[PDB]
Amino acid sequence: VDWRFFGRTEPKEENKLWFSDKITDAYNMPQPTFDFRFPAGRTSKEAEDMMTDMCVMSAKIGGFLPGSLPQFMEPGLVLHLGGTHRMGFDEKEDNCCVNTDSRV
Amino acid sequence: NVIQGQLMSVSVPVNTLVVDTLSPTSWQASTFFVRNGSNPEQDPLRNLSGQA
Amino acid sequence: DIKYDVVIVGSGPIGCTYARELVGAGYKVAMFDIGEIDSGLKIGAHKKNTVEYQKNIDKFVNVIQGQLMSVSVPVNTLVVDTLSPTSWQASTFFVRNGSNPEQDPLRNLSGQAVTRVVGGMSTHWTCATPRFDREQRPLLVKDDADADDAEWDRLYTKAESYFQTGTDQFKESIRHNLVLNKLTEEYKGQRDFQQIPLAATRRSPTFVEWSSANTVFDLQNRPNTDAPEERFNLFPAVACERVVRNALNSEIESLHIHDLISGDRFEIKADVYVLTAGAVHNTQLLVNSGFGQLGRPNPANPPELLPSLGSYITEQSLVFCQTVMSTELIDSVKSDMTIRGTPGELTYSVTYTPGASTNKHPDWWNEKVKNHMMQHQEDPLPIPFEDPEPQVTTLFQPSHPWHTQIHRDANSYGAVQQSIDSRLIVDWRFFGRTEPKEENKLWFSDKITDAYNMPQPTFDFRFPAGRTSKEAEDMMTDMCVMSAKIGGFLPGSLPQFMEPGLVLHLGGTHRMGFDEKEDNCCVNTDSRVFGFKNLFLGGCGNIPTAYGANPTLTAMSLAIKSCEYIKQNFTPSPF
Amino acid sequence: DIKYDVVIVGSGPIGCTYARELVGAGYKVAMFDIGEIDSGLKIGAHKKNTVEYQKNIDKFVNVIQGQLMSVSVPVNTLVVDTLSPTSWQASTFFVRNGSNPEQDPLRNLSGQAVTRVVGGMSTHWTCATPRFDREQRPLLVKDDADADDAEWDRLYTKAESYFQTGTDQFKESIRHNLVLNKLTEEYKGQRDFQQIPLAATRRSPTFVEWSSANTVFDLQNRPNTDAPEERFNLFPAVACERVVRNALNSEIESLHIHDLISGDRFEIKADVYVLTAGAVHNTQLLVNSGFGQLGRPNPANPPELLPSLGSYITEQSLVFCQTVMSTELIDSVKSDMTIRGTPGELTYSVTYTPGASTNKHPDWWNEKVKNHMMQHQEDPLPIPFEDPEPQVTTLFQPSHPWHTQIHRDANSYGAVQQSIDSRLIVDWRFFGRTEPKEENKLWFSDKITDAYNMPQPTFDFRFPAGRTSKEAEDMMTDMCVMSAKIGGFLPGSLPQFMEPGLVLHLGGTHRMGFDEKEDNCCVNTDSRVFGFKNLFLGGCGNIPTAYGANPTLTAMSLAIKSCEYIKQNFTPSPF
Ligand SMILES: *Cc1cc2c(cc1C)nc1c(=O)[nH]c(=O)nc-1n2C[C@H](O)[C@H](O)[C@H](O)COP(=O)(O)OP(=O)(O)OC[C@H]1O[C@@H](n2cnc3c(N)ncnc32)[C@H](O)[C@@H]1O
Ligand SMILES: *Cc1cc2c(cc1C)nc1c(=O)[nH]c(=O)nc-1n2C[C@H](O)[C@H](O)[C@H](O)COP(=O)(O)OP(=O)(O)OC[C@H]1O[C@@H](n2cnc3c(N)ncnc32)[C@H](O)[C@@H]1O
């Protein structure tokens, strides 16, 4: 049995996706670059509590499979990235790019 | 395998693994230069390396 | 000579317990070890007591691996199908490379190993010497817990003296504190945390004299200048092969030995015979001497002599991981500091106020941190470089019936784990207790022989399925829950059960009880083999209970008691 | 005392060469080692000379690894990005875990390591002691090859005596034969194959006394019963830190030592000072004493004193693989047998005709094979279980300028390689010669310090690009071609270059020649430091040529010559 637990990440202004003005990708488009760390208070506390919860819960069903021991996966392997062009009601107040009709 | 085959990494930092068992005749790097489509902008320690 | 008062087989810490007590009481003692002197001029000492190991501690893992020889290796069934067509290629999984064809690979203690050197495993051990609580502890007196308690307290106190056990050697460690203080805060006062009791004496802020067999007894031949009235001879590179029983099985009449240098075989006569060859090798020697039953067990023919020998074996479940210290704990180190500027720059400053009461830490700590931070501005951690390692435990209790060690063992890191600063890394080892079950056995082949031409050991073992297994998995969970309080797992050192028997805490192979039949056992509470006037067994093989704490101190305590019996019942020869 | 005739720094086989010669000639000798006594009661002996290692030989790889401490480890730049979010995580690749920030990871000898124990590396070495042919050999006499030849033959013969070198210890090995005899057939008579010259004496069909420092000199303090007129003291756990130069750089005036047990520092006076701390540590001691240049090299400021010190360093390229013996070679073992029936069945028979001339093998061989095949019908190979290992070489020659070893080292097999019967496995190690080049350097940090608070060693090394590199790759090909004659590669042990400096054959760090300036060198042919009356260096650091054979016998031979000079030029103190 496979166990995947997915945590929630606080949005923080410092966590960014930006694009090089000189390096280009395979389609000759500006190269994407990340500047990301999981936030340090709630997000991180929850992430480690979530690991513990997986350990506690999974033990109810059986022991770990050798070779598939509890671990955090490579950041972003989950492919659930959000907030890169985020929605809110007010561009300035809610620090956002699209409104609730997804209109820029 | 089908999944892995269509996940192309977003941002791969410059590689800094030391390969020091090359044969003496083989061309050997003097620096960790930009190779194999890596992104020199990328801090390897502030990445989403798994993003694809 | 060919005649001694006492002969002791094995120069481990248990054999040395016998030598200490009996040599000191005036007996003419010989000790034989199959292994050789190889710890320096202190015979049987800890091999980690060199300046070079303590300056390069992770290299010691290699010394340990080098003297752990697997007990029973099943026939290998890995398929190598990328040989060149010209290379000779097997048609079957035949017996190769010293493997044991008797061994079921699925009912093994594959991790079990033995150490054949003067001082035994005490030349490499971790030196943890906790006492067992009543729940884990063999009864020495029945129907009187107070008398039982009093006897164990006396014996344990003596054994702690012999081993130089202490709980203070790591008290000025930042990391030790950081860990202990965090954990004790988190358990509602219901789990006490203390320093691991360690058989060791600190000589300096960077050197620890770890104890060993040599601490217990120096293994020098006597008479000597320092002990001119004592009589002791150690004979290394001598395989002890068989004790000779009389017809009544009331006495041992000689010990057959094989000198491995000369090749010659002798017989040695003693008044008293003590076997302290280890939990495996005691059993092997006895079975090669007609005790129990040689060959694959067969219920349709139970042994007449010592029927419980090699049955009811216990080995502990062991779980392990490492962690990387949390950001919050690392920031806590430097909580009392005012920090201005950026490291490496002209304006950077780190200060604290001596003797202040808003401060979380005492001055010794804050000075160490301040000085490290100001003198090593290239270094991003507040922990001094030479900070001693953590040595933390919450001992076995009824509500959490496992032993815990939260510490640092000498470790071999993969290159990527050498990526993480060692100051951040903490090792977690939790040790479970195993119910004794008749079906769990150590037996010896009647046809296959080991490297010393002795009957090949074979295990038939599974962890019991109810309590033992339930607890083992609860213990894994407990490690996961507890470790998360200190930091996340270190990649490459994720939570796992270790190979069965890698823990090397095997017990019960020649177990103790009050009554041979009623308690399914081989030795009595004086460690005397039932029926025999003059044969005694020492070691963890004696321990008949399910225990999770490290067993050696307990084995030593039983040996002290056995030595008292010998002192009460055998007269030494005149000097 | 604080005054001796001779002081020797290092108790390796080279320091012991000095002790043997000088103690025997009546000098009052002190020897210091930073490491401690740890081979048993034979001080500085080979650690593989226990019964237990020779019955469990692959475990010895661990003893070796345990006493190889890396010289220079670059800052680690592996990315660990699977830490838990709570764990403290680096923002940079900072200096961790004793790494050397001076070190370019791409111009290193990462495999280089040192051994700090009494007897040095000779407590673990493989004991191969070939002579160098003229092509590899330093000149001791110029313009007279006959006189040069005669001097080397004398010195090598003496050194072979000291080490107990022999070429006969493996002659009754089936595997040794199988290999050697096949290869010699295949090279048109143009490459001779012989046994590797080994510093060892066989004591039985299953025990070999490997030589070491202890063989050369027993390291016991003198006077003693056996040498009542000799004067020798060994002081372990003493770091030698600096020799003190006079103003003229014509004499050494004292040696600063640091007792690592007590912590105390002393100065020792001698008439003669010999440094035999190894190729790395000789250099370190000299640089910490004002020889050469401390810090990162700078051509705009060449050292006045010993400008070639730490330049022109050589280390050998090493290629390795293992093979699995061919089916044809295995069938050849049993070529003289008539075999009828199937193993394990009533009718099965294996016979040969004693003394017959159609037979490929002699009777000793055919009896061994027949008896193995008939007594072990469960076993599918014709090779006896205890057959000694192969020990084959074709020595360096102009047409193939590399040393070769075709043998068995103690090996740690992956579980899948433990799949293959050890009788089938042969190790191949080919060692190339490296041109000395000024740009190839060993230097010492002016700010970073090692574990003994001595200037941190740093390498700036690449294998030269023309001859050295061409030969190294030709040598790889030669191993591939030659090994295929015996069998295919063992999966997991495919042909490869080993980590630079893992071979531990470093030379030229304090090199010998006739003229300091003309020959870019530090010591003369008496191993005397130019300019200094009373300072001598011993070891492989002296060897100034490109060599592929194992260097120690050559270093020993130079030390014998140096000892002759001391005997000719210094009077021992009266006893
Ligand atoms: C290996 C090890 C052990 C260890 C440990 C960590 C490691 C890696 N950490 C421990 C700890 O922290 N606390 C503790 O209580 N135990 C720990 N251990 C295990 C401990 O070392 C052993 O429990 C203890 O050493 C056992 O003592 P004992 O004296 O009973 O046995 P021994 O040390 O194995 O010595 C036995 C000797 O007998 C010899 N021998 C064996 N067979 C023969 C024969 N046939 N004839 C003659 N002599 C024989 C051995 O050579 C040996 O030296
Ligand atoms: C490790 C090894 C080496 C080896 C080999 C295989 C292995 C795994 N196989 C070899 C072989 O088959 N043939 C051969 O010729 N060489 C092989 N070797 C290498 C060989 O062991 C060495 O070349 C030889 O041991 C070098 O001898 P030397 O006497 O010059 O040096 P050493 O053994 O390294 O001993 C040096 C000693 O000096 C001490 N020391 C170091 N620093 C100090 C300071 N500052 N103060 C005081 N003493 C110091 C060391 O502790 C040491 O013991």
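Within every chain, numbering begins at 1; the chains are lettered A, B, ... in the order of the sequence lines, protein sequences first and strands thereafter. In what follows, every heavy atom counts, from backbone to side chain, and hydrogens, waters and symmetry copies are set aside.
- The backbone N or O of D/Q418 lies less than 3.5 Å from no partner atom in the side chain of C/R96, so there is not a single donor-acceptor pair.
- Note on D/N62, D/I486, D/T92, D/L424: by heavy-atom pairs under 4.5 Å with chain C, the leading option is D/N62.
- Under the 4.5 Å side-chain criterion, counting only non-hydrogen atoms from C-beta, D/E52 is not in contact with C/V117.
- Across D/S39, D/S84, D/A237, D/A451, the residue that shares the most heavy-atom pairs under 4.5 angstrom with chain C is D/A451.
- Both the backbone and the side chain of D/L83 come within less than 4.5 Å of a heavy atom in chain C.
- The distance from atom CD of C/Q67 to atom OG1 of D/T50, rounded to the nearest 0.5 Å, is 10.0 Å.
- Atom CG of C/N56 sits about 11.5 Å away from atom CG of D/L68, to the nearest 0.5 Å.
- The closest side-chain heavy-atom distance from D/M69 to C/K59 is below 4.5 Å.
- Residue contact with chain C, scored on non-hydrogen atoms closer than 4.5 Å, involves the backbone of D/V95 exclusively.
- Between chain C and the options D/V80, D/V73, D/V63, D/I330, the largest number of non-hydrogen pairs under 4.5 Å is found for D/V80.
- Side chain of D/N97 to backbone of C/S422: a donor-acceptor contact under 3.5 angstrom is found.
- Proximity to chain D involves both the backbone and the side chain of C/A415, based on heavy atoms less than 4.5 angstrom apart.
- For D/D379, the part sitting under 4.5 Å from any heavy atom of chain C is the side chain, from C-beta outward, and nothing else.
- With respect to chain D, the highest number of heavy-atom pairs below 4.5 Å among C/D421, C/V324, C/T86 belongs to C/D421.
- Closest heavy-atom contact between D/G66 and C/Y53: O-OH, 2.7 Å.
- Ranked by heavy-atom pairs under 4.5 Å with chain D, the list C/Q65, C/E378, C/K42 is led by C/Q65.
- In terms of heavy-atom pairs under 4.5 Å with chain D, the best-connected choice from C/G488, C/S419, C/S326, C/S412 is C/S419.
- Inter-residue side-chain proximity for D/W88 and C/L381 is flagged as met; some heavy-atom pair is nearer than 4.5 Å.
- Looking at C/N76, only its side chain comes within 4.5 Å of chain D, counting heavy atoms on both sides.
- Using a 4.5 Å cut-off between heavy atoms, C/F94 contacts chain D through its side chain alone, with no backbone atom that close.
- No side-chain donor-acceptor contact under 3.5 Å links C/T82 to the backbone of D/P491.
- In this structure, chain C has heavy atoms under 4.5 Å from both the backbone and the side chain of D/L260.
- C/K47 places none of its side-chain heavy atoms less than 4.5 Å from the side chain of D/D38.
- Taking every heavy atom of both residues into account, C/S87 and D/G487 meet most closely at OG-C, 4.0 Å.
- The distance from atom CG of D/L78 to atom CD1 of C/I420, rounded to the nearest 0.5 Å, is 9.5 Å.
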